[PDB]
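**Student:** Any chance you could fold what I've pasted below:
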Amino acid sequence: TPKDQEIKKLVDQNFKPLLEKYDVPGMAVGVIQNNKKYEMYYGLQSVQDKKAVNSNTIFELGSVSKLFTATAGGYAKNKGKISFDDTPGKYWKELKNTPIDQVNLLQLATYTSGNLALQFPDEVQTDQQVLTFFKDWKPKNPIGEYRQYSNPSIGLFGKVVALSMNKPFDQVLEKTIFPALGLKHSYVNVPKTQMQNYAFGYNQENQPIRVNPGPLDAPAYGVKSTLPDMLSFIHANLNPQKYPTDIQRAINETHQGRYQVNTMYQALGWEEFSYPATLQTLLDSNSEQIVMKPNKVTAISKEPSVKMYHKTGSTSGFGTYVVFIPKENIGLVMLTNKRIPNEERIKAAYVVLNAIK
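**Tutor:** Numbers count the residues shown, from 1 in each chain. Here you go, the structure:
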C-alpha cells in the first residue's frame with residue numbers, strides 16, 4: 001500500500017469519524033514525515049456556498065497564533081532587539097515605572113505575572129483602553145511563580161516585541177515572520193482578495209460565525225492560515241537548521257522549556273513534554289485546572305533529552321491542534337471549522353502518529 005494511502009487510512013480511522021460525531025462541517029488534517037507532506041481534506045469550508053475544504057482554505061488558528069507570537073519574540077531576542085529580562089516599560093514608555101514594569105518579558109510570554117486572567121474585561125477595546133488597563137494594573141501573586149493562561153499577558157508580550165522591531169505587530173508577522181518561515185497564505189488580516197477562501201466557522205448550533213476583533217487580538221489568537229502553510233510551519237519546527245540563522249534561532253528559542261507544571265513544560269507558546277509521552281500526559285496538559293486556574297510552577301529539575309510539543313487553539317467557530325516530535329521527524333496539523341473537544345484532537349493525533357510506520 002502506498003504510504004500516502006496508509007496515512008490516509010489512519011486519518012480516516014481516527015479523525016474522519018469526528019465529523020459525524022460532533023457535526024463538524026469541514027476538516028483539514030496534515031501529516032509531515034521525513035519531509036514528505038500529506039494533506040487530507042473533508043467536508044465544507046462554507047456550508048451555504050457548498051464550497052469544499054481544500055488546500056487554499058483559510059482557517060482561524062485561535063491560540064495556535066501564540067506560536068507565531070512566540071516565534072516573533074524569539075526573532076527579536078536573537079537579533080538583540082529585546083532581552084527576555086527586560087520589562088515592558090523599556091519599550092512601551094508609558095508603562096515605565098508602573099507596577100507591570102516589574103514583570104519581565106519572559107514572564108509575560110509564559111503567563112506568570114501573577115495577576116492576569118484569560119481575557120481582558122469586555123469593555124477593553126481601544127488602544128487607549130488597553131494602555132489604561134496596564135497602567136492601572138497591580139500585582140497579586142508573587143511575580144513569576146504562578147501560571148495563569150492569559151491573552152492579555154502574551155498580548156502585551158507581542159505588543160512589546162512589535163515596538164522593539166518598530167512595526168505594528170500585524171506587520172511583524174506579515175512582512176517579517178511569515179515570509180521568513182516561507183508562508184504564503186497566512187494572515188493577521190485576511191485581504192479582500194482572499195476572503196473567498198476564508199472558511200466560515202460554525203458555533204455549537206452550526207451557525208456560521210467568525211472571530212470578533214478584540215484587544216491585542218493578533219498576538220493572542222488572531223492568525224489565520226491554510227493546511228499547507230501550517231505543514232510548512234511544522235517543517236520549520238522540525239528542521240530549523242534548514243532556515244536562515246535569524247529565524248532558525250527564533251524557532252529554537254520557542255522550543256526551550258522555562259518551567260514545569262507537573263509533566264507539562266511551558267516553552268514559548270509551545271507546550272513541551274518528555275518523549276515518549278503517554279496519552280494521559282498530553283490530555284492533562286489541557287485540563288480545566290491547567291487552562292483556567294492558576295498553578296504554582298516548579299523549576300525544571302528533570303530536563304529530558306528528547307521532547308515533543310503541541311498546542312491547541314479554538315476560536316468561537318474553529319478548532320486547531322498542532323503537534324510535532326523532532327526525534328521521529330514527524331508532525332500533524334488538524335484544522336476544523338467547528339470546535340471539537342481538545343481531548344478528541346489529542347487522542348486522534350496520538351493514535352495516528354503512533355501508528356505510522
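
**Student:** wait, residue 16 sits on residue 42?
**Tutor:** Yes. In terms of CB atoms under 8 Å, residue 16 counts as a neighbour of residue 42; the distance is 6.2 Å. The C-beta positions use only the backbone N, C-alpha and C, and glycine is treated the same way.

**Student:** Can you work out which residues contact both of those two?
**Tutor:** Taking CB atoms under 8 Å, 6 or more residues apart in numbering as the criterion, residue 16 and residue 42 both touch residue 27.

**Student:** From the geometric centre of the protein, which residue sits farthest away?
**Tutor:** Here the chain has its C-alpha centre computed as a mean, and the residue farthest from that point, by CA atoms, centre = their mean, is residue 1 with 34.3 Å.

**Student:** Now it: closest residue in space, sequence neighbours ignored.
**Tutor:** Excluding the flanking residues, the one nearest residue 1 by CB to CB, 6 or more residues apart in numbering is residue 9, at 7.7 Å.

**Student:** mind checking the SS state of that neighbour?
**Tutor:** helix (DSSP: H, G, I helix; E, B strand; the rest coil).

**Student:** Next, work out how far apart the spatially most central residue of the chain and residue 115 are.
**Tutor:** Centroid-nearest residue in the chain: residue 64, 1.9 Å away (criterion: CA atoms, centre = their mean). Here the criterion is CB to CB, to the nearest Å. By it, residue 64 lies 25 Å from residue 115.

**Student:** mind listing what the closest residue in space to residue 298 that isn't next to it in sequence touches?
**Tutor:** Nearest residue to residue 298 in three dimensions, chain neighbours excluded: residue 260, at 5.2 Å (CB to CB, 6+ apart). In this structure, residue 260 makes contact with 266, 297-301, judged by CB under 8 Å, 6+ apart.

**Student:** Among these, the buried ones, what's the ChimeraX command?
**Tutor:** The following ChimeraX command selects only the buried members of the contacts of residue 260, with burial defined by 16 or more other CB atoms under 10 Å:
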select :266,297
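
**Student:** The contacts of residue 260 into JSON lines, with extra columns for secondary structure and distance to residue 136?
**Tutor:** JSON lines is the format used below for the contacts of residue 260 (DSSP: H, G, I helix; E, B strand; the rest coil; distance: CB to CB, whole Å):
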{"residue": "266", "secondary structure": "strand", "distance to residue 136": "27"}
{"residue": "297", "secondary structure": "coil", "distance to residue 136": "26"}
{"residue": "298", "secondary structure": "strand", "distance to residue 136": "31"}
{"residue": "299", "secondary structure": "coil", "distance to residue 136": "31"}
{"residue": "300", "secondary structure": "coil", "distance to residue 136": "34"}
{"residue": "301", "secondary structure": "coil", "distance to residue 136": "37"}
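
**Student:** Thanks again, I'm all set now.
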